[PDB]
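Remarks on the structure that follows.
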Amino acid sequence: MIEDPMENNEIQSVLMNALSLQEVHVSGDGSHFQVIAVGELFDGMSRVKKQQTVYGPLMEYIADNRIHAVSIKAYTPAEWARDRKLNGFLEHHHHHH
């Protein structure tokens, strides 16, 4: 009484092992997928200090995952929509010096 294929469990296990929070979001398109960790713990941390301490653990796995583009960012639940509604996840690469 259970059947439904859907990977992304790898990045989920690595995301959780790296640093949980509450929820997970393995979004993407086809090649590059963004893994946003929902929760609150990292609700104030620096994007750098975050992605950093977040990459520290999932540094190797990704290093190899390089083959693709598995992004990661520990944010809130509303931070997502807002993020996706922003110009960073819905209009990244804007204005360059």
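Residues in the structure tokens are named by chain (A, B, ... in the order shown) and by number from 1 within that chain; ligands are numbered from 1 in the order shown.
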
Might you pull out every residue within 10 Å of residue 80 in chain A, with only C-alpha atoms counted and same-chain residues fewer than 5 positions away left off, and present them as an mmCIF file with C-alpha atoms, in the first residue's frame?
data_model
loop_
_atom_site.group_PDB
_atom_site.id
_atom_site.type_symbol
_atom_site.label_atom_id
_atom_site.label_comp_id
_atom_site.auth_asym_id
_atom_site.auth_seq_id
_atom_site.Cartn_x
_atom_site.Cartn_y
_atom_site.Cartn_z
ATOM 1 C CA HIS A 25 12.784 21.608 -0.381
ATOM 2 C CA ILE A 36 16.400 24.815 0.451
ATOM 3 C CA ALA A 37 16.241 23.671 4.056
ATOM 4 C CA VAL A 38 13.125 24.895 5.820
ATOM 5 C CA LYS A 73 20.344 27.225 1.147
ATOM 6 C CA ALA A 74 18.923 27.031 4.650
ATOM 7 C CA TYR A 75 15.949 29.369 4.740
ATOM 8 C CA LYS A 85 9.459 35.791 -5.897
ATOM 9 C CA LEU A 86 12.643 37.819 -5.623
ATOM 10 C CA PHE A 89 15.483 32.734 -7.864
#

Quick one: DSSP strand (DSSP E or B) residues in chain A, as a PyMOL selection string? chain A and resi 23-28+32-38+69-74

Keeping N, CA and C atoms for every residue in the selection just given, could you write it to a file as a PDB file, in the first residue's frame?
ATOM      1  N   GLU A  23      12.061  21.354   7.749  1.00  0.00           N
ATOM      2  CA  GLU A  23      11.581  20.834   6.480  1.00  0.00           C
ATOM      3  C   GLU A  23      12.683  20.916   5.421  1.00  0.00           C
ATOM      4  N   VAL A  24      12.380  20.370   4.254  1.00  0.00           N
ATOM      5  CA  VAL A  24      13.331  20.374   3.155  1.00  0.00           C
ATOM      6  C   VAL A  24      12.598  20.697   1.852  1.00  0.00           C
ATOM      7  N   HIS A  25      13.348  21.248   0.909  1.00  0.00           N
ATOM      8  CA  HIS A  25      12.784  21.608  -0.381  1.00  0.00           C
ATOM      9  C   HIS A  25      13.812  21.342  -1.482  1.00  0.00           C
ATOM     10  N   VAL A  26      13.610  20.235  -2.182  1.00  0.00           N
ATOM     11  CA  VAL A  26      14.508  19.857  -3.260  1.00  0.00           C
ATOM     12  C   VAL A  26      13.895  20.276  -4.599  1.00  0.00           C
ATOM     13  N   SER A  27      13.934  21.576  -4.851  1.00  0.00           N
ATOM     14  CA  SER A  27      13.389  22.116  -6.084  1.00  0.00           C
ATOM     15  C   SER A  27      14.464  22.119  -7.173  1.00  0.00           C
ATOM     16  N   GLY A  28      14.030  22.426  -8.387  1.00  0.00           N
ATOM     17  CA  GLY A  28      14.939  22.467  -9.519  1.00  0.00           C
ATOM     18  C   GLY A  28      14.169  22.512 -10.840  1.00  0.00           C
ATOM     19  N   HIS A  32      19.966  21.422 -12.756  1.00  0.00           N
ATOM     20  CA  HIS A  32      20.304  22.125 -11.530  1.00  0.00           C
ATOM     21  C   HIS A  32      19.071  22.207 -10.629  1.00  0.00           C
ATOM     22  N   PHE A  33      19.249  21.758  -9.395  1.00  0.00           N
ATOM     23  CA  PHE A  33      18.164  21.775  -8.429  1.00  0.00           C
ATOM     24  C   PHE A  33      18.599  22.453  -7.128  1.00  0.00           C
ATOM     25  N   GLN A  34      17.717  23.298  -6.614  1.00  0.00           N
ATOM     26  CA  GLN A  34      17.996  24.013  -5.382  1.00  0.00           C
ATOM     27  C   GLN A  34      17.408  23.261  -4.186  1.00  0.00           C
ATOM     28  N   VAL A  35      18.260  23.022  -3.199  1.00  0.00           N
ATOM     29  CA  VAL A  35      17.839  22.316  -2.001  1.00  0.00           C
ATOM     30  C   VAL A  35      17.782  23.298  -0.829  1.00  0.00           C
ATOM     31  N   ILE A  36      16.600  23.862  -0.627  1.00  0.00           N
ATOM     32  CA  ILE A  36      16.400  24.815   0.451  1.00  0.00           C
ATOM     33  C   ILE A  36      15.904  24.075   1.695  1.00  0.00           C
ATOM     34  N   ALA A  37      16.598  24.306   2.800  1.00  0.00           N
ATOM     35  CA  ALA A  37      16.241  23.671   4.056  1.00  0.00           C
ATOM     36  C   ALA A  37      15.319  24.601   4.848  1.00  0.00           C
ATOM     37  N   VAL A  38      14.106  24.121   5.079  1.00  0.00           N
ATOM     38  CA  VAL A  38      13.125  24.895   5.820  1.00  0.00           C
ATOM     39  C   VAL A  38      13.269  24.600   7.314  1.00  0.00           C
ATOM     40  N   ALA A  69      24.223  20.489 -10.739  1.00  0.00           N
ATOM     41  CA  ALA A  69      24.151  21.729  -9.986  1.00  0.00           C
ATOM     42  C   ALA A  69      23.116  21.582  -8.868  1.00  0.00           C
ATOM     43  N   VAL A  70      23.586  21.086  -7.732  1.00  0.00           N
ATOM     44  CA  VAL A  70      22.716  20.892  -6.584  1.00  0.00           C
ATOM     45  C   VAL A  70      22.951  22.017  -5.575  1.00  0.00           C
ATOM     46  N   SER A  71      22.167  23.074  -5.721  1.00  0.00           N
ATOM     47  CA  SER A  71      22.278  24.219  -4.834  1.00  0.00           C
ATOM     48  C   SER A  71      21.700  23.873  -3.460  1.00  0.00           C
ATOM     49  N   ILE A  72      22.078  24.676  -2.476  1.00  0.00           N
ATOM     50  CA  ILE A  72      21.607  24.467  -1.117  1.00  0.00           C
ATOM     51  C   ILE A  72      21.571  25.809  -0.382  1.00  0.00           C
ATOM     52  N   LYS A  73      20.510  25.997   0.390  1.00  0.00           N
ATOM     53  CA  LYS A  73      20.344  27.225   1.147  1.00  0.00           C
ATOM     54  C   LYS A  73      19.326  26.997   2.265  1.00  0.00           C
ATOM     55  N   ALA A  74      19.781  27.209   3.490  1.00  0.00           N
ATOM     56  CA  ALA A  74      18.923  27.031   4.650  1.00  0.00           C
ATOM     57  C   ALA A  74      18.118  28.310   4.885  1.00  0.00           C
TER      58      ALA A  74
END

Excluding range 7-16 of chain A and any residue of its chain fewer than 2 positions from it, enumerate the residues within 7 Å of it, using only C-alpha atoms, and give them as a PDB file with C-alpha atoms, in the first residue's frame.
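Just written: part-v7.pdb:
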ATOM      1  CA  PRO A   5       9.216   6.816  -7.494  1.00  0.00           C
ATOM      2  CA  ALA A  18      24.697  18.253   6.967  1.00  0.00           C
ATOM      3  CA  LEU A  19      22.263  20.355   8.962  1.00  0.00           C
ATOM      4  CA  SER A  20      18.529  19.918   9.403  1.00  0.00           C
ATOM      5  CA  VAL A  26      14.508  19.857  -3.260  1.00  0.00           C
ATOM      6  CA  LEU A  58      27.954  18.388   2.175  1.00  0.00           C
TER       7      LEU A  58
END

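CA of residue 22 in chain A sits 9.7 Å away from CA of residue 77 in chain A.
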
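If only C-alpha atoms are the atoms counted, then among A:49, A:79, A:59, A:42 the closest residue to residue 17 in chain A is A:59.
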
Quote the spacing between CA of residue 43 in chain A and CA of residue 68 in chain A in Å to one decimal place. 27.5 Å

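CA of residue 29 in chain A sits 20.4 Å away from CA of residue 78 in chain A.
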
Residue set, chain A restricted to helix (DSSP H, G or I), as a ChimeraX atom specification: /A:9-19,47-55,59-65,77-85

Restricting the calculation to only C-alpha atoms, which member of A:21, A:60, A:4, A:92 is positioned closest to residue 76 in chain A? A:21
